[PDB]
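A.B. asks:
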Amino acid sequence: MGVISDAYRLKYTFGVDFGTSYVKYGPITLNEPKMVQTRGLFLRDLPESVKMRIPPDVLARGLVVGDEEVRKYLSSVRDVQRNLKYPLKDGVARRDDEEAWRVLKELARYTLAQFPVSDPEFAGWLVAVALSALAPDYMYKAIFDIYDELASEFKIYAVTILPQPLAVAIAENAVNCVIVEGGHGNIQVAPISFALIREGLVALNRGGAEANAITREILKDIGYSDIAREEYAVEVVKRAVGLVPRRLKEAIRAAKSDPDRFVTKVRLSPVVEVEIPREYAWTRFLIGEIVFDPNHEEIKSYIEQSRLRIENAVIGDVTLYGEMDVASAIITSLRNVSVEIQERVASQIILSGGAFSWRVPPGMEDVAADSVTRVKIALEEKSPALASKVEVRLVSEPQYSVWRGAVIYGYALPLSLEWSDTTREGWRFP
Amino acid sequence: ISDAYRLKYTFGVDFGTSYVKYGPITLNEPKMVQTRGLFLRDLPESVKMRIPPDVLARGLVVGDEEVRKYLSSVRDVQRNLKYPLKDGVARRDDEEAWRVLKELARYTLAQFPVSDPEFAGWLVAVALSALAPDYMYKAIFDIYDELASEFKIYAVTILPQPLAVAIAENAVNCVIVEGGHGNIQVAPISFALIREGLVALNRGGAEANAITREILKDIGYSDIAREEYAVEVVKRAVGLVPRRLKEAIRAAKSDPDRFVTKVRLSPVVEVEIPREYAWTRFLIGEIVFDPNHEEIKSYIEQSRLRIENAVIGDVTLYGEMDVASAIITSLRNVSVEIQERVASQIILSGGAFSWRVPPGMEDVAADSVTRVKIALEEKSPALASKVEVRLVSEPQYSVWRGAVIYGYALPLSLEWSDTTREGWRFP
Amino acid sequence: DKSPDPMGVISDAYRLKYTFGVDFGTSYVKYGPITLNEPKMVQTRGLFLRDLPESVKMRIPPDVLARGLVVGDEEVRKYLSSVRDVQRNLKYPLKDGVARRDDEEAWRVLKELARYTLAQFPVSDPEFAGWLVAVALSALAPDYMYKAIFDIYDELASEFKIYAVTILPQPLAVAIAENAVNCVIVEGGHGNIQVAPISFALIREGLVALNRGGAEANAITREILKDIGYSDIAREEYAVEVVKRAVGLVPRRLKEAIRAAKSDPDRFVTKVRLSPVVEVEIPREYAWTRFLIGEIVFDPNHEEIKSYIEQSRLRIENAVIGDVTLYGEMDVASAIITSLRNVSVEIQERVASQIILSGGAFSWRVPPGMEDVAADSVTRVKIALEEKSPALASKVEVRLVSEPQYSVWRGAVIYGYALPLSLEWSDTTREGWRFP
Amino acid sequence: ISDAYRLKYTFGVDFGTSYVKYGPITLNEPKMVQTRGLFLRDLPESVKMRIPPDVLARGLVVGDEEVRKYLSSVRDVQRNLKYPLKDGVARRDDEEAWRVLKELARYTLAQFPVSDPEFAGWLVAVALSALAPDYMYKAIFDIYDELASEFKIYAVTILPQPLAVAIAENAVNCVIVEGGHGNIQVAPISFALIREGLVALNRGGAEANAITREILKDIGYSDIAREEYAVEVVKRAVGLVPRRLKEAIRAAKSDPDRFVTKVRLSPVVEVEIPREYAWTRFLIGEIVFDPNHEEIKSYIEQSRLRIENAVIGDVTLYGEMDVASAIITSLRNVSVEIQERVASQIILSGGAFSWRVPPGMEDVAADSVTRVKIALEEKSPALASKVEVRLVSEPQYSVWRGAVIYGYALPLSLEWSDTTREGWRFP
Ligand SMILES: Nc1ncnc2c1ncn2[C@@H]1O[C@H](COP(=O)(O)OP(=O)(O)O)[C@@H](O)[C@H]1O
Ligand SMILES: Nc1ncnc2c1ncn2[C@@H]1O[C@H](COP(=O)(O)OP(=O)(O)O)[C@@H](O)[C@H]1O
Ligand SMILES: Nc1ncnc2c1ncn2[C@@H]1O[C@H](COP(=O)(O)OP(=O)(O)O)[C@@H](O)[C@H]1O
Ligand SMILES: [Mg+2]
């Protein structure tokens, strides 16, 4: 308990945000966290002409993680659904799923392995893990076991674990507000008092994943239906082209009356280039809009053919509303909160997550919309009295915010407090 | 099974479209034999009577030195001289082609007699063309199976050629461009062969001869052109590949004296390239890479030369597509994520690409790699900058070197399976 | 006591006894059973008795006269002396390798020779079931010749037991006899030198014929003999032969041998006894012409030969026999090169490696102590090829057979022995047996 | 007509220069009569009156026995005892010679009369000289024509003597050398007479007498030497042929007593060769063979002996050419291929070659054939080794023997032709 020293924690606090598509990790001393994709590749179903040219210690593990490694063998994998496990498909990994847990463990390892013991005074990391706000108790328990088990491979002094929206709040120094985390698998809207107000939390079954889904189905209509089968390329495209409308109707007609302004080409490789033709330039606004509002006629046409799915999900007690739009997700959250504090909590709305990292192209500000803009005018429409009083901002680095928060939390939480299965906060020590 | 055993008795056999390369791993380079058999069914009795009785009993002879003996006196060349791998694949209802392949497999093994009193059978890795369909893989296995009751052959495996080239070159991510007699095949390699990416052209060393033949007639050597053997000797000695076809033509027309040449064909026959025709040397090499030029099309418009497509099962062989665009088309049919790394390495193999630059011609003459680099410069400059193009060291022997490496490294606890497309079979 | 073998005629033992060869040369037929050491010879010619006086007719056996024709050297000679006109009653049926079909007299003689030939060898064994006869004909012999020869031996079946007949080209026969599979046969006859390349069989496209041979060597010997002053003995064709055999030499180089024989004539003068009463001598002044006699066979383009052509006393000219042109002027070196050029390139290496000289026309020998100026047949061809294509001469090995007349025959028996009797002759396959 | 008939009624007549030999084929040997007639041109009346008037009417007598009776009382013998074939041939303008020949042809047939009633006429073969020109052949035919109306003669033919001697000796290829009184003819026989080969010498029996006459004058018997009959009797009895004239002359000059000899000319007269002249016996025989000796030329330098050339039709008769060189000249005028064989056989016919060696002289003296062997030994030794020289069986019956064989064998459907020169005439 001289390990308590703020100087030691100022160097040896280790943050890990387990995102639904990307883990952000690294020590507190970093300026921005290292990232790796949350997924692992099982090597059970690889041919022997591929097996024989792989390091013997690697095959022994049977599971491979980390961007540069997974990319290596991905090309020659017989069945992608059996061997490329995304353990956090939607924030949570069902408990009886030994494969999902093998990957999470293997990630937790790869993560720590990247930063080795240097100092002879180093007595173990203080690891602060950020889990989804939807994570059931078994997850917190399983994560502690993972880090416990891993303690015999790396010096891990102490482990703690906090929900994501709280991490965003901490990183922003935001007290009374509404945090809106936008991931790949889900958007979660939590009202923050000083910690998370559980009763207020509202989750939507929609995110970066649906933005890809439409971009894929648009790419089938344009006639690149071979490049649309490849998930990697879809993402590249969604990032490169997609726009978010101020109003969907006013942007669609503006891009049909003036297509040549909205056409665009994307270099995917030295040999393949993808182009959005004049005929389909209007669809760019669908890519971004679907994250915010899925209740549009040109989207439901994609649902009536079995090519796009907007629907609900249940993860434990939590219902994730597939259809509910972002403005009403906020309103619903504040309505689940006590009236006395609705006043305060509403003044501040914070957007975090990759799903909201949309930019506007120079000279498009008349129909193209910023993330904050699209939400401000969604709220103008939905509840006008709310909108006039409310200040909406997106954080500076939307993917890094959760991590920043974890390390700040892992530095501030006093080590005299032990984790308690009922209190849901404190430290475990292996 | 002992590593000491596999380091000595691993046997490779490359079934090429024109030459089979074979031999044990202990060789410095593989023995070669022309992929062809001579049937003696239709021979005069004044030729049959001079032949050893046991030989006639077979009715079929293989191996360069034997075929050459009786070849001269063959009534009809088309019925009795079988080149089974005309264009990489041997059709299933062709009992004659399979008889030759079988007989070749034997001649091949006969060359190296059981010496050790401990030798209990070869471990044999056969390399077939990448175009070989499932029946071919099976039929080659039967052939080696049947031949077990003749030679000690413990274990048999079988891999595609492009893959073998990759292995010998120790290249994991690459584009193999194999250039044979019947066809140039362009296959991208991830770790094993990427099936969807393979692109084949219906051009090869054969078309370089076809033009060399029609050139030889215009010079007025129309007796020497009817003879297939001599043409080859000529296309080898004289043919050149241009930096640019159009831009090398002007160079050999303004200074013909530098580009005139003679070839000794025999003690008594010498063929010479006139000053007036010296420029056509550049056609011989160019056709392999690019058949889309005015002076080639004139030969096609007369029924004397054939640039055309072919279908062999699933695959189309594009007669017209040039080598630069064949590569881009290959990378286009491959996964986008990995196009980057696969393209970084283009490897040239095969005889069709073993052109050299005659000392003092480097201004208009081009070796194979040079011609591919500048083919890509034209087509997509963005591609050319990221890519590194090289020809293998020994263009014919490369496929074989890989086969021996594969048959040595592949673990024997893996059994061949019709669905997995890899492993050993045991006779 | 055993039964006589019915599969008896096929048995190697029977064939090693009753295989009968007959080489129809343009000047001499060589014939005989395989059992012989060397073939009996007979001159290819018949003497008609139609035009003889009665004071000579009356002194001839009645059955001989009845025939009106005789063959066989010892016979023809007996009655030749007393024949009024030799040019019409002495037929040499194979004047130049072939006898044209519209010539009933030529075929009569050939038949009569075929008979005389077989008559010489009688039915001794009681097991003998018929001869197996293999006829060698010239390479120039067109299909009708193969036919007419078959009929001749067919008709002769009602006279002699002849089980089967076959018939092969002479160049091929030489190859077989010399056990040379890849080679160039250069047959030197009386009427013509034919140069045939052999792969396994004769390469048809390759054959080159020269309209020149033993005949031309006589022809110049005749005109030289006239220049010396022997115009009576020069008229007599028998005597010309005797002289050409005895005196003729082949020069290493014609120009250099003439100089040699002109500066030292007495070295090259020579005499020949023709009969107890006649001796011919090549005088000092003409001694150098001995070299023209041998040279003309190989190379007729020399000023001192052309002088006899410029006067109308010697004729070097081309000839046509069916498909084939016989080049009168072409020298032997160039006839060879020309031949190999008409051959496939892949085999030119091996075919040229072996050059074999057959025929009497190449039976020239060097009188010992003249090997500095004089040259034998091969030596002359070797230096012919050295000059013409030195690239060729280095790779090539040139030899004359042992018995240059006996070679064709020797091959024929080997062929007629080895050819399996299960094979029938076929007009298009051009090989096999005919049975009468 | 019939073979049985010709075996009985074939009639031969050899018209020799000195004796006609005659008779039918059925004889053992022919009857002989001397070729001469005695003209009774004028006789006193006391002599005419004692002669059968039939005899006078003719004025000419033939037959040895007749001539001898009247010769005693005939005025001038040189003018009246005519020898028609004095020299092989009888001149055309000579009415008397033809009168004798005719009368002989008659006497000849008169000797054998018509016995059988089936006799239909003789078949008569006359052998004339080889020098006999066309007119003789005709005139002999006429003679036998005219005589048809006196004796039954069915057919006449007429062949040269050399041919006959050949036929009789059964010699096919040979050189017949006919040795006459007036001339020696050398005719080569292939199957028939080779006319171009025939060589004639203007010498023989006549010159042997000429010298014998001139020797008898030197001995001093100049009355007996002017008489022609006496000279013959002497040359026959004394004359010898030398092995070598030089070596035999010295032999008889050193030893005269060995070579002296006496001869009865009649019951009343005897002649003696003195010691001093004994050597000349050798000149008598030698002149026949070789007249080129100094001791013969000595008689020519005085105008008392004559050696010279003569023409009989086409042929020149060489007075000086010796018998050895006559033979070589003949064979050189024959085709070369048959020179070998024609020379192999030399046959001597005629009286001029009827010399014998008196026993105990065979060291210096030589018979006819011996003289020719050593004559040919000297001249062409190459010839002498190959050739066999002999005298016929009966030196005078040979010609006839042949004539009967020829007249028996010649097919009777062949007619004589002035151009072909063989066949039968019928009257
Ligand atoms: N520049 C961008 N434009 C649009 N979308 C982005 C961008 N960068 C990242 N994203 C999206 O954001 C998501 C990742 O955000 P993150 O907060 O890490 O969520 P997760 O918890 O799912 O990893 C991905 O679905 C990705 O497609
Ligand atoms: N030196 C050379 N120059 C040009 N072409 C060559 C050369 N050597 C061989 N070739 C060509 O290469 C082909 C044979 O090479 P290979 O790789 O064995 O082909 P395959 O795939 O038929 O076995 C032939 O068509 C021949 O024309
Ligand atoms: N010693 C020799 N010198 C030169 N030529 C000869 C010799 N002997 C024979 N001949 C020639 O050989 C020829 C006959 O032999 P051969 O080759 O069998 O010819 P053919 O086939 O016509 O019978 C004749 O032309 C003859 O001139
Ligand atoms: Mg996150």
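Chains as they are written, first to last, in this note's numbering: chain A, 483 to 912; chain B, 707 to 1133; chain C, -14 to 421; chain D, 707 to 1133.
Ideal Cβ positions, reconstructed from N, Cα and C, are used throughout, including at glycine.
1) Should residue 614 of chain A go down as buried or exposed, given a rule of 16 or more other Cβ atoms within 10 Å for buried?
2) With respect to 6 angstroms, is the separation between the Cβ of residue 425 of chain C and the closest non-hydrogen atom of ligand 3 below this value?
3) Would you mind reading off the limits of the alpha helix (DSSP H) that contains residue 939 of chain D?
4) Hey, how far is the Cα of residue 177 of chain C from the Cα of residue 198 of chain C?
5) Verify the CB distance criterion: does residue 790 of chain B have a CB-CB separation below 7 angstroms to chain C?
6) Under a CB-based cut-off of 7 angstroms, is residue 839 of chain B close to chain C?
7) Please tell me whether residue 380 of chain C has its Cβ less than 7 angstroms away from any Cβ of chain B.
8) Going by beta carbon distance, what residues of the same chain come within less than 7 angstroms of residue 691 of chain A, once the five residues before and after it are set aside?
9) Assuming residue 729 of chain D and residue 718 of chain D make a contact with CB atoms under 8 angstroms, what is their CB distance in whole Å?
10) What residues of chain G sit near residue 374 of chain C, judged by a beta carbon separation below 9 angstroms?
11) Could you work out which residue in D:818, D:1090, D:1118 and D:824 is closest to residue 261 of chain C when comparing CA atoms only?
12) Counting only beta-carbon atoms, is residue 530 of chain A nearer than 7 angstroms to chain B?
13) Counting Cβ pairs closer than 8 angstroms, one from the stretch 943 to 962 of chain D and one from the stretch 1026 to 1040 of chain D, do we hit at least three?
14) Under DSSP, the alpha helix (DSSP H) around residue 690 of chain A begins and ends at which residues?
15) So if I measure from each beta-carbon to every heavy atom of ligand 4 and keep distances below 5 angstroms, which residues remain?
16) Could you work out which residues of chain B lie near residue 714 of chain A, taking near to mean beta carbons separated by less than 7 angstroms?
17) Measure the alpha-carbon distance for residue 758 of chain A versus residue 708 of chain A and round it to whole angstroms.
18) Based on DSSP bridge pairs, tell me the residues matched to residue 18 of chain C.
19) Starting from residue 1096 of chain B, trace the beta strand (DSSP E) both ways and give me its first and last residue.
20) Which one of C:334, C:212 and C:34 has the shortest CA to CA distance from residue 74 of chain C?
21) Considering just the uninterrupted stretch of the beta strand (DSSP E) at residue 891 of chain B, what are its terminal residues?
22) CA-CA distance, residue 1095 of chain B and residue 1052 of chain B?
23) First and last residue of the alpha helix (DSSP H) that includes residue 803 of chain B?
24) Any idea if residue 860 of chain A is buried or exposed, counting beta-carbon neighbours within 10 angstroms, 16 or more meaning buried?
25) Does residue 12 of chain C get closer than 7 angstroms to chain B when you measure Cβ to Cβ?
26) When you compare only the Cα positions, how much space is there between residue 914 of chain A and residue 494 of chain A?
27) Compare the beta carbon distance of residue 674 of chain A and residue 661 of chain A with 7 angstroms and say whether it is the shorter of the two.
28) I'd like the list of long-range same chain contacts for residue 893 of chain D, defined as Cβ closer than 6 angstroms, with 5 residues on each side in sequence excluded.
29) Quick check: the stretch 868 to 880 of chain B against the stretch 1098 to 1108 of chain B, are at least 3 beta-carbon pairs closer than 8 angstroms?
30) Comparing alpha-carbon positions, which option in B:725, B:750, B:754 and B:800 lies nearest residue 770 of chain B?
31) Would you mind giving the Cβ-Cβ distance between residue 151 of chain C and residue 401 of chain C, rounded to the nearest angstrom? I have them listed as a contact below 8 angstroms.
32) State the CB to CB distance for the pair residue 1061 of chain B and residue 1041 of chain B, rounded to an integer number of angstroms; the pair is presumed to be in contact (CB under 8 angstroms).
33) Which residues in chain B sit within 9 angstroms of residue 709 of chain A, going by Cβ to Cβ distance?
C.D. replies: For this structure:
1) buried
2) Because chain C spans -14 through 421 in this model, residue 425 of chain C falls outside it and cannot be assessed.
3) DSSP places residue 939 of chain D inside the alpha helix (DSSP H), whose first and last residues are 934 to 944.
4) 5 angstroms
5) Among the residues facing chain C, residue 790 of chain B is not included, as its CB has no counterpart in that chain under 7 angstroms away.
6) no
7) yes
8) Within the same chain, residue 691 of chain A has close Cβ partners 666 and 667.
9) 6 angstroms
10) Looking at the structure shown, chain G is missing, and the protein chains on hand are A, B, C and D.
11) Put simply, of D:818, D:1090, D:1118 and D:824 the residue whose alpha carbon is nearest the alpha carbon of residue 261 of chain C is D:1090.
12) yes
13) no
14) 690 to 704
15) A:499, A:501 and A:884
16) 1042 and 1043
17) Taking the straight line joining both Cα atoms gives about 15 angstroms.
18) C:5
19) 1094 to 1097
20) C:34
21) 890 to 895
22) Residue 1095 of chain B and residue 1052 of chain B have their C-alpha atoms roughly 5 angstroms apart.
23) 801 to 816
24) By the neighbour-count rule (16 or more Cβ atoms within 10 Å), residue 860 of chain A is buried.
25) Chain B, which has no Cβ nearer than 7 angstroms to the Cβ of residue 12 of chain C, makes this no.
26) This structure leaves residue 914 of chain A out entirely; chain A is present only between 483 and 912.
27) yes
28) 836, 868, 882, 899 and 904
29) yes
30) It is B:725 whose Cα lies nearest to the Cα of residue 770 of chain B.
31) 6 angstroms
32) Not confirmed; about 33 angstroms, so no contact.
33) Proximity of chain B to residue 709 of chain A at the Cβ level (cut-off 9 angstroms) is accounted for by 1042, in chain order.
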